[PDB]
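Residue numbers (the entry's author numbering): 1 to 279.
Note sheet for the following structure.
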Ligand SMILES: [Ca+2]
Ligand SMILES: [Cl-]
């Protein structure tokens, strides 16, 4: 399949070179997989989700995404126009308030929730969790992310946006999950992206167009935007049978575009998520 005039990041993950405009992908499109978006919620009614999104848990007064962030990230995972895995099932877990903030105890509880809830969902191609969130180092947060991964969920987490070593951020610094840095459309490390030995992969994160609340769309930037590219790529690759929840991060690193990014500090991977699609 090919999507012409795609958001740059979608085109990027299906090209060995920057600057293209068509997103090439197998039409299975993540069908049969499920991705939990652990965030501010998801506006499931957005036409771009086509009935494939639903809220399954909230830690606030409403399940409504009153911010937009969670809807944006969900859209990069799996919306029709803006998503990597256009036929996946999306599940929203609202651990962040409508200002985009959340307490660690709440974020932990939402991870544990997914580890259990997935046992009551039909996800025959597997389960992914996208965590476009985090703050400073916390062993308890890292342990929660490790638990979610061990339970059989492909965990993708944001590296953080401090132009600093991700070793001092959580859940970014948990080794056993997939820690995602951000790049721009010219294959530079995004100006804000964290780096370091714990990063597994880069994805597009500067000026990413996706869904927003109110049935809208907008472009924003962050390692929060890179993360759902990787989560969606994992779902896509799991539906194709190429990898599993346990092995998907490693598979994505194995198959990544290598040494194409600039301003990567020595000791950080120079690896850009790539679907290696061959019509
Ligand atoms: Ca890792
Ligand atoms: Cl709910």
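Virtual Cβ for every residue (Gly too), placed ideally from N, Cα, C.
Margin query: Beta-carbon within less than 6 Å of residue 3's beta-carbon, same chain only, minus the 5 sequence neighbours each way: which residues are those?
Written below: Hits under 6 Å: 23.
Notebook entry, point to check: Going along the chain, which unbroken runs of the beta strand (DSSP E) with 3 or more residues stay wholly within the segment 75 to 103?
Noted result: Runs of the beta strand (DSSP E) inside the segment 75 to 103: 89 to 94.
Note to self: Between residue 233 and residue 13, how many whole angstroms is the CB-CB distance? I'm expecting something under 8 Å.
What the structure shows: Between the beta-carbon of residue 233 and that of residue 13 there is about 6 Å, and that keeps the pair under the 8 Å contact cut.
Margin query: Please tell me whether, using a cut-off of 7 Å, the distance from the CB of residue 343 to the nearest non-hydrogen atom of ligand 1 is below it.
Written below: Beyond the ends of the chain as shown, which are 1 and 279, falls residue 343; an answer cannot be given.
Next item on the list: State the DSSP-derived secondary structure class of residue 258, mapped to helix, strand or coil.
Entry: In this structure, DSSP gives residue 258 an extended state, which the three-state scheme calls strand.
Item checked: Distance CB(residue 156)-CB(residue 227) smaller than 8 Å -> A distance below 8 Å separates the beta carbons of residue 156 and residue 227.
Note to self: Just checking residue 56 against ligand 2 - is the residue's beta carbon closer than 7 Å to any of the ligand's heavy atoms?
What the structure shows: In this structure, residue 56 has its CB closer than 7 Å to one or more heavy atoms of ligand 2.
Next item on the list: For the segment 185 to 196 and the segment 242 to 252, state whether three or more C-beta atom pairs, one from each stretch, are separated by less than 8 Å.
Entry: No, the segment 185 to 196 is not in contact with the segment 242 to 252.
Notebook entry, point to check: If you draw a straight line from the alpha carbon of residue 268 to that of residue 199, how long is it in whole angstroms?
Noted result: Taking the straight line joining both Cα atoms gives about 7 Å.
Next item on the list: From the DSSP output, in three-state form, read off residue 176 for me.
Entry: Coil, per DSSP.
Item checked: Three-state class that DSSP yields for residue 188 in the structure shown -> In the structure shown, residue 188 sits in a strand (DSSP, three-state: E or B).
Notebook entry, point to check: Is it right to say residue 5 is buried, meaning 16 or more other beta carbons lie within 10 angstroms of its own, or is it exposed?
Noted result: Burial is judged here by how many other beta carbons sit within 10 angstroms of a residue's own beta carbon; residue 5 has fewer than 16 and is exposed.
Checklist line | Segment limits, alpha helix (DSSP H) that includes residue 141 | finding: Run containing residue 141: 139 to 150, per the alpha helix (DSSP H) assignment.
Next item on the list: Would you mind stating whether residue 175 and residue 131 have Cβ atoms separated by less than 8 Å?
Entry: Taking 8 Å as the cut-off, the Cβ atoms of residue 175 and residue 131 do not count as close.
Checklist line | Residues near residue 230 by beta carbon distance below 7 Å, same chain, minus five either side | finding: Within the same chain, residue 230 has close Cβ partners 156, 178, 180, 201, 203, 252 and 273.
Item checked: Cα-Cα separation, residue 113 to residue 41 -> Using only the alpha carbons, I get a separation of about 14 Å.
Note to self: At 3 residues or longer, what runs of the beta strand (DSSP E) sit wholly inside the segment 11 to 51?
What the structure shows: Scanning the segment 11 to 51 for uninterrupted beta strand (DSSP E) segments of 3 residues or longer gives 33 to 39, listed from N- to C-terminal end.
Notebook entry, point to check: Contact check, residue 134 vs residue 158 under 8 Å by CB: the rounded distance?
Noted result: Between residue 134 and residue 158, the beta carbon gap of about 6 Å places them in contact (Cβ cut-off 8 Å).
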